[PDB]
Every structure is written in structure tokens, then in C-alpha cells.
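One structure is given below, encoded as C-alpha cells.
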Amino acid sequence: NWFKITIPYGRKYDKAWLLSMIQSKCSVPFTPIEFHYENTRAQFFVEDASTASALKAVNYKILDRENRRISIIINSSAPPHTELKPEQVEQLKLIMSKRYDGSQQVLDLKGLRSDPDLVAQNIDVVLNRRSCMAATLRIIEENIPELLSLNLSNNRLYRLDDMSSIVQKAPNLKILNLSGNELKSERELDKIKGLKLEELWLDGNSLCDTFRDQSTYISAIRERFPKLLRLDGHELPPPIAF
């Protein structure tokens, strides 16, 4: 069992001074295996449960030059160098904001991968990646609870299960655009069945070549979203009840 020690604002101090001050308080000798900087914070591992405890007891005990306390956060963790970095998120978060229309609550995450402003920053927004859509939805839940329309077209999406918790994160989502993706089956829609969509776009997905006529297509989709009014830009015939 390993532990990862993080010192927020570690790059604000002399590596030498810092590590020494820690040891001067830590009851036992330790060794920073894999010490490295990752933006302001300093990080290193500790392959020992007893040590980690000793290290954690050093938290809040070191006063710095400008009279601030130095904090040490400790969590157990995997191995040496085996996901989204804070920096990627505040970035992804920032981009998302620039593409949210407050007036109509519309988040446009269209073809995100080919974006100006992050033209090679080296963070390639990959929404078809589980961890990333995870982060995305998480930001929506925190910052845009009242989201009404979400555009996720052209992102090579192929497994909607990754965004199946959107039902509870975006309660009022009514419009969803999934056109131009890599959905193969009709079954994928079942993972987002809970949305009370009024509008939906699926064209551009191979799942369409699954039906022989619009009649069947609309029935299948409406089967999941009963109150659907528009589909692929076209208005649908009022739902017939029984």
C-alpha cells in the first residue's frame, strides 16, 4: 500500500528547505520517492502506512516566511505513475464557459476536439473517454443546473453509458444533439432514457441505417422519449394515445 503526499503551493518554497522542515517535524526518517512539481503543488509518494501517518502529523505545523502554515494532504494511492489533472479541468471548465449561452441556457460542446484557444495547448478534449465526460457532466451539475439544451454532436461518441447520470445532473435538459457521432445501436438511447426531451438529433449515426422508414425510426425513439416533439430538425406528428 502506497500513499501520495501533496503539498499545495509547494512550488512556492525551496525544495531543499521544504523537505528539511518536514523531516524536522516528522517523527521518522522518510524519503521522497517520486518528488515532482505539477503546477503550484509539490508531490511525492510514500510506500509506507506508518510513514504516511508520521507525515500527516506534520500538517499545519510548519510556518512559512510570510507567516502562512504549510499544509500536507495525504491519500493512499496506486503505484508510481499508473485521468484529469486539476489544470485540465479548470481549462475544460473555462472552455465550456466560453461556449455556454446564458440567455437560452445552451451549452455547445460541438466537435470539441478541434478547438481554437486550445489549438494544441496539448490537452486534447476527448469526450468519448469515460473520465472526461465524467468531468464535463460534473461541471454542468455544479455550474449549470438549469441547462436546457446540450449539443454533443461530432465527438465520436459511441457508448452513452458514460453520460447516463446526466438525467440527475441536468434535470431540465429538454434539447439534446447527438448527431454526427459513432452510435451504432438503438440500445444506446436506453442509457439516457430518463431525460424528458422535447427535441433530439441522432442523424449521422449508423444506428439510423437500422430502420427501413421514418415511421419505425420515430416509433423507436419516441419509445424512449414519449413527449418528443422534434427529431433531426423536423417537427413530429402529435403523439397518438390509447
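Chains: A, B, ... in order of the C-alpha cells. Residues: from 1 per chain. Ligands: from 1, in order shown.
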
At a cut-off of 12 Å, using only C-alpha atoms, what residues contact residue 85 in chain A? Leave out same-chain residues fewer than 2 positions from it and give the result as a ChimeraX atom specification. /A:38-39,41,83,87-92,123,131-132,135

Neighbours of residue 29 in chain A within 12 Å (only C-alpha atoms; same-chain residues fewer than 2 positions away dropped), as a ChimeraX atom specification? /A:19-20,22-27,31-32,46,48,50-52,54-55

Can I get the selection written as a PDB file, in the first residue's frame, with C-alpha atoms?
ATOM      1  CA  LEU A  19      11.743  18.740   2.602  1.00  0.00           C
ATOM      2  CA  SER A  20      14.032  19.520   5.505  1.00  0.00           C
ATOM      3  CA  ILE A  22       9.059  18.423   7.009  1.00  0.00           C
ATOM      4  CA  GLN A  23      11.630  15.919   8.254  1.00  0.00           C
ATOM      5  CA  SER A  24      12.486  18.200  11.159  1.00  0.00           C
ATOM      6  CA  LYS A  25       8.905  17.656  12.343  1.00  0.00           C
ATOM      7  CA  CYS A  26       8.243  14.156  11.082  1.00  0.00           C
ATOM      8  CA  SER A  27       8.967  11.677  13.865  1.00  0.00           C
ATOM      9  CA  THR A  31      12.466   9.608   1.504  1.00  0.00           C
ATOM     10  CA  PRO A  32      10.585  11.465  -1.188  1.00  0.00           C
ATOM     11  CA  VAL A  46       5.420   7.171   0.388  1.00  0.00           C
ATOM     12  CA  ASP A  48       4.562   3.102   3.903  1.00  0.00           C
ATOM     13  CA  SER A  50       3.329   4.158   9.235  1.00  0.00           C
ATOM     14  CA  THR A  51       5.331   6.850   7.464  1.00  0.00           C
ATOM     15  CA  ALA A  52       2.274   8.454   5.869  1.00  0.00           C
ATOM     16  CA  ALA A  54       4.054  10.485  10.605  1.00  0.00           C
ATOM     17  CA  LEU A  55       3.986  12.791   7.584  1.00  0.00           C
TER      18      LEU A  55
END

Backbone DSSP call of strand (DSSP E) for range 24-163 of chain A, listed as a ChimeraX atom specification: /A:33-38,41-46,62-63,69-70,73-77,100-101,106-108,149-151

Residues as selected, N, CA and C atoms, written as a PDB file, in the first residue's frame, can you do that?
ATOM      1  N   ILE A  33      10.062   9.501  -2.543  1.00  0.00           N
ATOM      2  CA  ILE A  33      10.205   8.821  -3.808  1.00  0.00           C
ATOM      3  C   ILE A  33       9.207   9.462  -4.725  1.00  0.00           C
ATOM      4  N   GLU A  34       9.716   9.777  -5.909  1.00  0.00           N
ATOM      5  CA  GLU A  34       8.993  10.422  -6.986  1.00  0.00           C
ATOM      6  C   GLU A  34       8.491  11.842  -6.754  1.00  0.00           C
ATOM      7  N   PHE A  35       9.364  12.664  -6.185  1.00  0.00           N
ATOM      8  CA  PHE A  35       9.027  14.036  -5.905  1.00  0.00           C
ATOM      9  C   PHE A  35       8.979  14.783  -7.190  1.00  0.00           C
ATOM     10  N   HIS A  36       7.922  15.542  -7.394  1.00  0.00           N
ATOM     11  CA  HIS A  36       7.854  16.305  -8.613  1.00  0.00           C
ATOM     12  C   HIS A  36       6.841  17.411  -8.475  1.00  0.00           C
ATOM     13  N   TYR A  37       7.019  18.429  -9.298  1.00  0.00           N
ATOM     14  CA  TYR A  37       6.129  19.561  -9.296  1.00  0.00           C
ATOM     15  C   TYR A  37       5.102  19.393 -10.396  1.00  0.00           C
ATOM     16  N   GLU A  38       3.883  19.767 -10.077  1.00  0.00           N
ATOM     17  CA  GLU A  38       2.804  19.670 -11.022  1.00  0.00           C
ATOM     18  C   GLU A  38       1.974  20.917 -10.813  1.00  0.00           C
ATOM     19  N   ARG A  41       1.610  22.982  -6.818  1.00  0.00           N
ATOM     20  CA  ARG A  41       1.740  21.999  -5.778  1.00  0.00           C
ATOM     21  C   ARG A  41       2.910  21.064  -5.956  1.00  0.00           C
ATOM     22  N   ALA A  42       3.474  20.611  -4.835  1.00  0.00           N
ATOM     23  CA  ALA A  42       4.599  19.672  -4.816  1.00  0.00           C
ATOM     24  C   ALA A  42       4.054  18.317  -4.447  1.00  0.00           C
ATOM     25  N   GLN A  43       4.512  17.274  -5.121  1.00  0.00           N
ATOM     26  CA  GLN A  43       4.021  15.937  -4.823  1.00  0.00           C
ATOM     27  C   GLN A  43       5.080  14.851  -4.789  1.00  0.00           C
ATOM     28  N   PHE A  44       4.910  13.898  -3.882  1.00  0.00           N
ATOM     29  CA  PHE A  44       5.803  12.762  -3.773  1.00  0.00           C
ATOM     30  C   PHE A  44       5.080  11.566  -3.161  1.00  0.00           C
ATOM     31  N   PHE A  45       5.624  10.369  -3.353  1.00  0.00           N
ATOM     32  CA  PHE A  45       4.996   9.177  -2.786  1.00  0.00           C
ATOM     33  C   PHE A  45       5.672   8.657  -1.525  1.00  0.00           C
ATOM     34  N   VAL A  46       4.976   7.755  -0.861  1.00  0.00           N
ATOM     35  CA  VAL A  46       5.420   7.171   0.388  1.00  0.00           C
ATOM     36  C   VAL A  46       4.878   5.766   0.406  1.00  0.00           C
ATOM     37  N   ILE A  62       4.244  23.587  10.113  1.00  0.00           N
ATOM     38  CA  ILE A  62       5.351  24.355   9.561  1.00  0.00           C
ATOM     39  C   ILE A  62       4.897  25.741   9.141  1.00  0.00           C
ATOM     40  N   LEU A  63       5.405  26.766   9.811  1.00  0.00           N
ATOM     41  CA  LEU A  63       5.046  28.140   9.472  1.00  0.00           C
ATOM     42  C   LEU A  63       6.029  28.676   8.428  1.00  0.00           C
ATOM     43  N   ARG A  69       0.813  28.788   7.129  1.00  0.00           N
ATOM     44  CA  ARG A  69       1.118  27.420   7.533  1.00  0.00           C
ATOM     45  C   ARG A  69       1.251  26.577   6.296  1.00  0.00           C
ATOM     46  N   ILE A  70       2.085  25.559   6.349  1.00  0.00           N
ATOM     47  CA  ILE A  70       2.219  24.717   5.184  1.00  0.00           C
ATOM     48  C   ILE A  70       1.399  23.482   5.448  1.00  0.00           C
ATOM     49  N   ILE A  73      -1.424  17.184   2.385  1.00  0.00           N
ATOM     50  CA  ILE A  73      -2.577  16.320   2.156  1.00  0.00           C
ATOM     51  C   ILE A  73      -2.080  14.921   1.820  1.00  0.00           C
ATOM     52  N   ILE A  74      -2.604  13.914   2.504  1.00  0.00           N
ATOM     53  CA  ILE A  74      -2.171  12.550   2.249  1.00  0.00           C
ATOM     54  C   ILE A  74      -3.320  11.605   1.921  1.00  0.00           C
ATOM     55  N   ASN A  75      -3.174  10.863   0.828  1.00  0.00           N
ATOM     56  CA  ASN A  75      -4.161   9.884   0.401  1.00  0.00           C
ATOM     57  C   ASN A  75      -3.396   8.653  -0.010  1.00  0.00           C
ATOM     58  N   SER A  76      -4.025   7.487   0.088  1.00  0.00           N
ATOM     59  CA  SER A  76      -3.354   6.273  -0.332  1.00  0.00           C
ATOM     60  C   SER A  76      -3.518   6.290  -1.816  1.00  0.00           C
ATOM     61  N   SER A  77      -2.738   5.477  -2.493  1.00  0.00           N
ATOM     62  CA  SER A  77      -2.838   5.510  -3.915  1.00  0.00           C
ATOM     63  C   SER A  77      -2.153   4.398  -4.532  1.00  0.00           C
ATOM     64  N   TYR A 100     -21.155  28.582 -23.455  1.00  0.00           N
ATOM     65  CA  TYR A 100     -22.470  28.473 -22.838  1.00  0.00           C
ATOM     66  C   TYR A 100     -23.242  29.759 -23.073  1.00  0.00           C
ATOM     67  N   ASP A 101     -24.435  29.647 -23.649  1.00  0.00           N
ATOM     68  CA  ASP A 101     -25.259  30.823 -23.897  1.00  0.00           C
ATOM     69  C   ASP A 101     -26.266  30.996 -22.767  1.00  0.00           C
ATOM     70  N   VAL A 106     -27.866  27.251 -23.253  1.00  0.00           N
ATOM     71  CA  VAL A 106     -27.459  26.282 -24.249  1.00  0.00           C
ATOM     72  C   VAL A 106     -25.959  26.069 -24.205  1.00  0.00           C
ATOM     73  N   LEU A 107     -25.552  24.842 -23.911  1.00  0.00           N
ATOM     74  CA  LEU A 107     -24.143  24.501 -23.875  1.00  0.00           C
ATOM     75  C   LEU A 107     -23.785  23.796 -25.189  1.00  0.00           C
ATOM     76  N   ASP A 108     -22.903  24.423 -25.947  1.00  0.00           N
ATOM     77  CA  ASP A 108     -22.480  23.927 -27.221  1.00  0.00           C
ATOM     78  C   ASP A 108     -21.095  23.273 -27.184  1.00  0.00           C
ATOM     79  N   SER A 149     -30.450  23.086 -23.124  1.00  0.00           N
ATOM     80  CA  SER A 149     -30.032  22.472 -24.369  1.00  0.00           C
ATOM     81  C   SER A 149     -28.549  22.144 -24.364  1.00  0.00           C
ATOM     82  N   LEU A 150     -28.212  20.926 -24.773  1.00  0.00           N
ATOM     83  CA  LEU A 150     -26.829  20.470 -24.811  1.00  0.00           C
ATOM     84  C   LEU A 150     -26.494  19.905 -26.173  1.00  0.00           C
ATOM     85  N   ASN A 151     -25.423  20.391 -26.784  1.00  0.00           N
ATOM     86  CA  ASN A 151     -25.036  19.907 -28.095  1.00  0.00           C
ATOM     87  C   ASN A 151     -23.768  19.093 -27.968  1.00  0.00           C
TER      88      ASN A 151
END

Can you tell me how far CA of residue 199 in chain A sits from CA of residue 97 in chain A, in Å to one decimal?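 Atom-to-atom, CA of residue 199 in chain A and CA of residue 97 in chain A are spaced 22.9 Å apart.
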
Separation of CA of residue 1 in chain A from CA of residue 71 in chain A, in Å and rounded to one decimal: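 According to the coordinates, CA of residue 1 in chain A and CA of residue 71 in chain A are separated by 22.5 Å.
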
When DSSP works through the backbone of this structure, what residues of range 5-231 of chain A end up as helix (DSSP H, G or I), shown as an MDAnalysis selection string? chainID A and resid 10:12 15:25 49:56 86:98 112:114 130:143 160:163 166:169 187:192 206:210 214:224

Let me see the file: selected residues, C-alpha atoms, as a PDB file, in the first residue's frame.
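Listed below is the output, out11.pdb:
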ATOM      1  CA  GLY A  10       4.789  23.644  -2.810  1.00  0.00           C
ATOM      2  CA  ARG A  11       6.458  25.299  -5.761  1.00  0.00           C
ATOM      3  CA  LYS A  12       6.367  28.398  -3.585  1.00  0.00           C
ATOM      4  CA  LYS A  15      12.661  22.147  -2.341  1.00  0.00           C
ATOM      5  CA  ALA A  16      15.632  21.794  -0.023  1.00  0.00           C
ATOM      6  CA  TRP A  17      14.120  23.968   2.762  1.00  0.00           C
ATOM      7  CA  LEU A  18      10.685  22.402   2.458  1.00  0.00           C
ATOM      8  CA  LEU A  19      11.743  18.740   2.602  1.00  0.00           C
ATOM      9  CA  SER A  20      14.032  19.520   5.505  1.00  0.00           C
ATOM     10  CA  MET A  21      11.414  21.344   7.515  1.00  0.00           C
ATOM     11  CA  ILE A  22       9.059  18.423   7.009  1.00  0.00           C
ATOM     12  CA  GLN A  23      11.630  15.919   8.254  1.00  0.00           C
ATOM     13  CA  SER A  24      12.486  18.200  11.159  1.00  0.00           C
ATOM     14  CA  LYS A  25       8.905  17.656  12.343  1.00  0.00           C
ATOM     15  CA  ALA A  49       1.384   3.330   6.081  1.00  0.00           C
ATOM     16  CA  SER A  50       3.329   4.158   9.235  1.00  0.00           C
ATOM     17  CA  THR A  51       5.331   6.850   7.464  1.00  0.00           C
ATOM     18  CA  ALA A  52       2.274   8.454   5.869  1.00  0.00           C
ATOM     19  CA  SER A  53       0.858   8.815   9.360  1.00  0.00           C
ATOM     20  CA  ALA A  54       4.054  10.485  10.605  1.00  0.00           C
ATOM     21  CA  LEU A  55       3.986  12.791   7.584  1.00  0.00           C
ATOM     22  CA  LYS A  56       0.334  13.654   8.064  1.00  0.00           C
ATOM     23  CA  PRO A  86      -6.739  19.878 -11.889  1.00  0.00           C
ATOM     24  CA  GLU A  87      -5.263  22.066 -14.583  1.00  0.00           C
ATOM     25  CA  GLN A  88      -7.135  20.165 -17.354  1.00  0.00           C
ATOM     26  CA  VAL A  89     -10.394  20.634 -15.518  1.00  0.00           C
ATOM     27  CA  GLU A  90     -10.114  24.340 -14.832  1.00  0.00           C
ATOM     28  CA  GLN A  91      -9.204  24.500 -18.526  1.00  0.00           C
ATOM     29  CA  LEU A  92     -12.015  22.296 -19.754  1.00  0.00           C
ATOM     30  CA  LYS A  93     -14.199  24.259 -17.369  1.00  0.00           C
ATOM     31  CA  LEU A  94     -13.044  27.522 -18.890  1.00  0.00           C
ATOM     32  CA  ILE A  95     -13.634  26.416 -22.439  1.00  0.00           C
ATOM     33  CA  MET A  96     -17.119  25.179 -21.536  1.00  0.00           C
ATOM     34  CA  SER A  97     -17.972  28.592 -20.113  1.00  0.00           C
ATOM     35  CA  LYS A  98     -16.985  30.327 -23.315  1.00  0.00           C
ATOM     36  CA  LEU A 112     -14.892  19.979 -29.108  1.00  0.00           C
ATOM     37  CA  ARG A 113     -11.684  18.153 -30.158  1.00  0.00           C
ATOM     38  CA  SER A 114     -10.884  20.679 -32.959  1.00  0.00           C
ATOM     39  CA  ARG A 130     -15.181   7.927 -19.755  1.00  0.00           C
ATOM     40  CA  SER A 131     -13.157  10.067 -17.284  1.00  0.00           C
ATOM     41  CA  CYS A 132     -13.540  13.173 -19.387  1.00  0.00           C
ATOM     42  CA  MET A 133     -17.320  13.063 -19.979  1.00  0.00           C
ATOM     43  CA  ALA A 134     -17.335  12.418 -16.251  1.00  0.00           C
ATOM     44  CA  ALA A 135     -15.553  15.707 -15.564  1.00  0.00           C
ATOM     45  CA  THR A 136     -17.771  17.510 -18.082  1.00  0.00           C
ATOM     46  CA  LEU A 137     -21.040  16.355 -16.542  1.00  0.00           C
ATOM     47  CA  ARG A 138     -19.645  17.185 -13.100  1.00  0.00           C
ATOM     48  CA  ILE A 139     -19.071  20.812 -14.195  1.00  0.00           C
ATOM     49  CA  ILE A 140     -22.571  21.000 -15.647  1.00  0.00           C
ATOM     50  CA  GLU A 141     -24.070  19.844 -12.352  1.00  0.00           C
ATOM     51  CA  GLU A 142     -22.158  22.405 -10.316  1.00  0.00           C
ATOM     52  CA  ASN A 143     -22.299  25.373 -12.638  1.00  0.00           C
ATOM     53  CA  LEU A 160     -23.784   6.632 -23.992  1.00  0.00           C
ATOM     54  CA  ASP A 161     -23.493   4.781 -20.688  1.00  0.00           C
ATOM     55  CA  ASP A 162     -20.743   7.274 -19.790  1.00  0.00           C
ATOM     56  CA  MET A 163     -23.251  10.112 -19.692  1.00  0.00           C
ATOM     57  CA  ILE A 166     -26.910  13.275 -16.831  1.00  0.00           C
ATOM     58  CA  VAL A 167     -30.513  12.506 -16.062  1.00  0.00           C
ATOM     59  CA  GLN A 168     -29.942  13.669 -12.488  1.00  0.00           C
ATOM     60  CA  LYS A 169     -27.234  16.220 -13.187  1.00  0.00           C
ATOM     61  CA  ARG A 187     -29.940   0.406 -27.476  1.00  0.00           C
ATOM     62  CA  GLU A 188     -27.568   3.265 -26.600  1.00  0.00           C
ATOM     63  CA  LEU A 189     -30.534   5.607 -26.138  1.00  0.00           C
ATOM     64  CA  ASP A 190     -31.747   3.466 -23.259  1.00  0.00           C
ATOM     65  CA  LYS A 191     -28.887   4.727 -21.129  1.00  0.00           C
ATOM     66  CA  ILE A 192     -30.337   8.254 -21.195  1.00  0.00           C
ATOM     67  CA  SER A 206     -25.017   4.401 -38.175  1.00  0.00           C
ATOM     68  CA  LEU A 207     -27.911   3.368 -35.917  1.00  0.00           C
ATOM     69  CA  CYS A 208     -30.158   5.147 -38.435  1.00  0.00           C
ATOM     70  CA  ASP A 209     -29.389   2.632 -41.190  1.00  0.00           C
ATOM     71  CA  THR A 210     -31.110   0.251 -38.783  1.00  0.00           C
ATOM     72  CA  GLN A 214     -39.125   7.270 -40.676  1.00  0.00           C
ATOM     73  CA  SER A 215     -42.244   5.676 -39.252  1.00  0.00           C
ATOM     74  CA  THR A 216     -40.278   2.925 -37.497  1.00  0.00           C
ATOM     75  CA  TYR A 217     -37.440   5.277 -36.595  1.00  0.00           C
ATOM     76  CA  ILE A 218     -39.746   7.753 -34.855  1.00  0.00           C
ATOM     77  CA  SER A 219     -41.563   4.991 -33.031  1.00  0.00           C
ATOM     78  CA  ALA A 220     -38.329   3.550 -31.655  1.00  0.00           C
ATOM     79  CA  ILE A 221     -37.058   6.929 -30.497  1.00  0.00           C
ATOM     80  CA  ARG A 222     -40.398   8.054 -29.140  1.00  0.00           C
ATOM     81  CA  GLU A 223     -40.434   4.755 -27.316  1.00  0.00           C
ATOM     82  CA  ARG A 224     -37.666   6.163 -25.111  1.00  0.00           C
TER      83      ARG A 224
END

Set the distance at 9 Å and use only C-alpha atoms: which residues neighbour range 229-233 of chain A once local chain neighbours fewer than 4 positions away are removed? I'd like the list as a count of residues only. 14

Quick one: pull the distance between CA of residue 115 in chain A and CA of residue 172 in chain A, Å, one decimal.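 So the answer is 27.4 Å.
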